[PDB]
Amino acid sequence: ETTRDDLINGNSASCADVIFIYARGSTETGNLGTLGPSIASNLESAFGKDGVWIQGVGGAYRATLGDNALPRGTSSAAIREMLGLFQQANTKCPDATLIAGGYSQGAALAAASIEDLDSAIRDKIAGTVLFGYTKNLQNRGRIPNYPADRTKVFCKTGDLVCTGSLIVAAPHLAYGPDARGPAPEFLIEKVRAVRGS
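Note that the entry's author numbering has the sequence shown beginning at 17, numbered continuously upward.
Put into structure tokens, the structure is as follows:
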């Protein structure tokens, strides 16, 4: 369940209508980690298996804990990897609506990548969900260059990374319920807002 490469494996002749790109947290397995599979299952229920492609950020993104301390909250190599996936999606399936998400270091990675993205592609991301957003305070709860209405941040009371620290406390590991309900609910709503039904 933890590794999904639907975009990379996908047939360009039969593109999905929705493409979800997700970055896992530090030290998590596969390319989806602990929260990604839950979101994926709910998206599949809403759009159907052939209706949505789930793509985790693997490759150069090693999800190394120490990289949380770098300027952008992740490595340059990781940002290049996620940018490349958005670019692959845009090229392979130009008519698909994109959605994105990230947890912890992955949330910083998603924010950094989206900020650097060519605006024509960035504008195709109908909604983005961030859990335990490590740059929440620094970025004032926003993703630079991306609208607030398309952004949903899940930052628990007591999760120190949302408050400008890099300390990992218990609330940082409590996003399970959010990934099973409100997060996919938000993504589905944002996709339907622009695609209709």
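No residue lacks a Cβ here, since even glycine has one placed at the ideal position from N, Cα and C.
What separation, rounded to the nearest whole angstrom, lies between the Cα atoms of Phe102 and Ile137? Locating residue 102 in the sequence shown gives position 86, counting from the first residue. Locating residue 137 in the sequence shown gives position 121, counting from the first residue. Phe102 and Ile137 have their C-alpha atoms spaced approximately 7 angstroms apart.
Span of the alpha helix (DSSP H), counted from its first residue to its last, around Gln104: Taking the sequence shown and counting its residues from 1, one reaches residue 104 at position 88. Here the alpha helix (DSSP H) through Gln104 covers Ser92 to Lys108.
With distances taken Cα to Cα, identify the nearest neighbour of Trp69 among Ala124, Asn25 and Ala76. The residue you call residue 69 lines up with position 53 of the sequence shown. Nearest option by C-alpha distance: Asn25.
Please tell me whether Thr113 and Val207 are closer than 7 angstroms, where the distance is taken between their beta carbons. Taking the first residue of the sequence shown as 1, we reach residue 113 at position 97. Taking the first residue of the sequence shown as 1, we reach residue 207 at position 191. The Cβ-Cβ distance between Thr113 and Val207 falls below 7 angstroms.
Neighbourhood of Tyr162 by C-beta distance below 6 angstroms, restricted to the same chain and skipping five residues each side: As a position in the sequence shown, residue 162 is number 146, starting the count at 1. Within the same chain, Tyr162 has close Cβ partners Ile130.
DSSP three-state assignment for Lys65, whether helix, strand or coil: As a working mapping, residue 65 is identified with position 49 in the sequence shown. Secondary structure at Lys65: helix, using DSSP grouped into helix, strand and coil.
I need the boundaries of the beta strand (DSSP E) containing residue 235, first residue and last residue. Residue numbering for the chain in the displayed model covers 17 to 213; residue 235 lies beyond these limits and cannot be assessed.
Taking C-alpha atoms, which residue in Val169, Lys140 and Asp165 lies nearest to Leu153? Taking the sequence shown and counting its residues from 1, one reaches residue 153 at position 137. Selection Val169, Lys140 and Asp165 evaluated against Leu153 yields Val169 as nearest (Cα-Cα).
From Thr43, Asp21, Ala56 and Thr18, residue whose alpha carbon lies closest to that of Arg196: If you number the sequence shown from 1, residue 196 lands on position 180. Looking at the Cα atoms, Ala56 is the closest of the given residues.
Quick check on DSSP: helix, strand or coil for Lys140? Counting from 1 along the sequence shown, the entry for residue 140 is found at position 124. Reduced to three states, the DSSP call for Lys140 is coil.
Proximity below 7 angstroms, CB of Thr80 to CB of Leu48: Counting from 1 along the sequence shown, the entry for residue 80 is found at position 64. Counting from 1 along the sequence shown, the entry for residue 48 is found at position 32. Contact check for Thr80 against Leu48 fails: the beta carbons are separated by 7 angstroms or more.
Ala127 and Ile95: beta carbons closer than 7 angstroms? Here residue 127 is taken as the residue at index 111 of the sequence shown, counted from 1. Here residue 95 is taken as the residue at index 79 of the sequence shown, counted from 1. The Cβ atoms of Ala127 and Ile95 do not sit closer than 7 angstroms to each other.
Bridge-paired residues (DSSP) for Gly148: Along the sequence shown, read from residue 1 onward, the residue named residue 148 stands at position 132. According to DSSP, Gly148 bridges with nothing at all.
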